[PDB]
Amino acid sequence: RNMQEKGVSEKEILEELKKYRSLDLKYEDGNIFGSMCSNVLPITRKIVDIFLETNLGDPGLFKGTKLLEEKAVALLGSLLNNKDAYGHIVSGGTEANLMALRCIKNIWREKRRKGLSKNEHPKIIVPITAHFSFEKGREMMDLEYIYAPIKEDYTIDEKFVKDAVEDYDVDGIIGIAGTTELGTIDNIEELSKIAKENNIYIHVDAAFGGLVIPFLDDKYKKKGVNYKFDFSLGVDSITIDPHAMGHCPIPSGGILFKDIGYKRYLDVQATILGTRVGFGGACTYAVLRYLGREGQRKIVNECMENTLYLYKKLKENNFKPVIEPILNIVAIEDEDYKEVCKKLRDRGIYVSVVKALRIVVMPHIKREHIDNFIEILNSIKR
């Protein structure tokens, strides 16, 4: 397509764009099974329109939108047991994780300048289940990762972390509250004890789980799983994303630090982006206020009901889930997962791909879609 001298009418360009949108899948149609995003809360469409022409890169021009970012951060902080959190509503969990990594690296830099570190690059303990944003950060910022192995329950091996912190000079620890692949929860309580006893920064990636775990009804909690992950454990920062299980429009990611003392280690404006949306903070604040805990609890446990329904139907049909679900994520063991995924795609079922098919039971996934999924999968298996 080449740039043209003459413009076209609104009707022409809107009809063209609608033809392309018709090629997309839509969350509400029973096709998308592998996404950690879903339909936005309908009220957010009005909020996006109100705040479209704001820019939190120049907050002096948009004092009210800036106050709403602060209020959104405060509500997330309150949810995470910290009324003094310092943070931002950023572009997503990637930027949030990258900012935590920047903070870790600048704490190390200060030590390095004072002769208080023998590491030529920050050394950070990262579980092998970490999201790919951590690899982007390693690659960009020249970080040294010590990859921590996982246990049979797919959570980080805390004894490895403890041993590594004794053997090596460590600049940071990462724990995950809701892994991307399986929805498992690292033992943040133990990791935070190790971190505190050794004066090591600890970041919790709760991009997905941060807006699920605090709302789980007791019947979905498992004996021997610890669900504690937030600032009550004294962690240094938490990633938590409204555009995942907060029903907010992209871009709405969250990064919270324990207090304002961390801001100075984000100096080079604290965000990676410059010009940036104002509607994310507005939507985050408004959705949490509109729903309250009661409304988010309802949505979370509706997803969990459908998750456990899917788990049951899978076993009934002789499929092997990787684990009993912890959050609203189920994975199905399959040796031919790559080909099965393509056969599912050919029949209108888009899962993600551990030698397993991964299903994220977001609010758009209803019982009828799970039944449909099981029928197609059964047929594929002959």
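Numbering starts at 1 and follows the sequence shown.
J.: Just how many deposited residues go unmodelled from residue 268 to residue 269: none, 1 to 3, 4 to 9, or 10 or more?
T.: Missing residues, residue 268 to residue 269: 4 to 9.
J.: Hey, how big is the hole between residue 353 and residue 354 in terms of deposited residues without coordinates: none, 1 to 3, 4 to 9, or 10 or more?
T.: Unresolved stretch here: 1 to 3 residues.
J.: Read off the CA B-factors in the entry, average them over 185-193 and over 77-85, and name the higher stretch.
T.: Higher mean C-alpha B-factor in the PDB entry: 77-85.
J.: Determine, for stretches 356-364 and 370-378, which one has the higher mean CA B-factor as deposited.
T.: The deposited B-factors put 370-378 ahead on the C-alpha mean.
J.: Looking at 258, 203, 151, 111, which has the highest Cα B-factor in the entry?
T.: Reading the PDB entry, the winner on C-alpha B-factor is 151.
J.: Among 246, 115, 122, 127, single out the one with the highest C-alpha B factor in the record, please.
T.: That would be 115.
J.: What third of its chain, lowest, middle or highest, does the C-alpha temperature factor of residue 63 fall into?
T.: Its C-alpha B-factor, which the entry lists for residue 63, ranks in the middle third among residues of this chain.
J.: Split into thirds by Cα B-factor across the chain's modelled residues, where does residue 157 land: lowest, middle or highest?
T.: Within its chain, residue 157 is a middle-third residue by C-alpha B-factor, going by the deposited values.
J.: Split into thirds by Cα B-factor across the chain's modelled residues, where does residue 46 land: lowest, middle or highest?
T.: As the PDB entry reports it, the C-alpha B-factor of residue 46 lands in the middle third of its chain.
J.: Quick check on the deposited entry: does the C-alpha B-factor of residue 314 sit in the lowest, middle or highest third of its chain?
T.: Its C-alpha B-factor belongs to the highest third of this chain's values.
J.: Would you mind ranking residue 308 by its C-alpha B-factor against the rest of the chain and naming the third, lowest, middle or highest?
T.: Highest third.
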